[PDB]
């Protein structure tokens, strides 16, 4: 009944605890589980759910051949119950498309999916399970959005979109929606430039997004959004603890307003929680492939160009496949602070495991503890040989 306001700060993060795990690929070896990728998690006032882009086929089904491809007519944003797998029978379609975001504002949920050919894509903004607003491509080259949840404050939900070639004229915009309607949009300003796949969280009347720089992948760009003024700033994480993938090795000194020299072609969606001495960064363990995942406590990573880890937690061993990662919180939990959470996408199949013809994932998710908990590791758990 009331729109949520971001009235709390983050809980103290002393470690991370298991929150959700779906075991999708294991279970899908002998049940009707949809092929997916680009998962996330998002909460309503009364429920938290798993989200992803379906490929319009089961994993065992013959149509799973070809699912390495990102964009097709057969994809849809689906949601399903926390830690259940995305099955044909339990998965609810939010909207049709191959790039998405979604968030609840306290009264109802906004979901956004983009569909089309690369040169003629469009977003449809759904609100309360009905289409409300559409937005045509402005740069005619893969209009695309966060692939994780947005965040609202008093009914205003900023969303980050990008359109444009990997090398070409790109334009990133922040749209501000309320009940699925456009209040305002703005082109990206500050020092962060060639941005995508923003992972956002809200606290203390502000939205923080950690993104990916598509021109040089090393230290991540950050957007700080004021949802009342409908303004933003941008910058890079200064810490020499680099969190894109592939990435150079960690130097001694990082960069605050430019990317640290990195590659151009193909980073990874990732996230962080930037909160002074309560700062944690996530990254893949490998510097070159989407393998492993760990969380590192890096006090003042945002502003301190010499900042190094003072604590850590392994999530996924380096001998296991990871993937995209992103932030979410339960903005409707009890208590005096918001508990940081995140998910890691555990990609199985193509290209790394090319004895199968499909690509899919499962999900692991964690939230923060004020305790210093023991750590385990959380693999996907399926055996590729079983699918041969």
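Positions refer to the first chain, counted from 1.
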### Summary
Looking only at C-alpha temperature factors in the entry, 80 to 88 or 150 to 158, the higher average sits in 150 to 158
### Task
Return whichever of 185 to 193 and 133 to 141 has the greater mean Cα B factor according to the PDB record.
185 to 193
### Query
Per the entry, which of 282, 116, 292, 261 tops the list for Cα B factor?
261
### Query
From 216, 199, 128, 73, can you pick the one with the highest C-alpha B factor in the entry?
216
### Summary
So, residue 236's CA B-factor, relative to its chain, sits in which third? The highest
### Message
How does the C-alpha B factor of residue 24 compare with the rest of the chain: lowest, middle or highest third?
### Response
lowest
### Task
Sort the modelled residues of this chain by their C-alpha B factor and say whether residue 377 lands in the lowest, middle or highest third.
middle
### Query
If you rank the chain by CA B-factor, which third does residue 270 end up in: lowest, middle or highest?
lowest
## Note on the structure
Quick tally, chain-level thirds of C-alpha B-factors: residue 352 sits in the highest
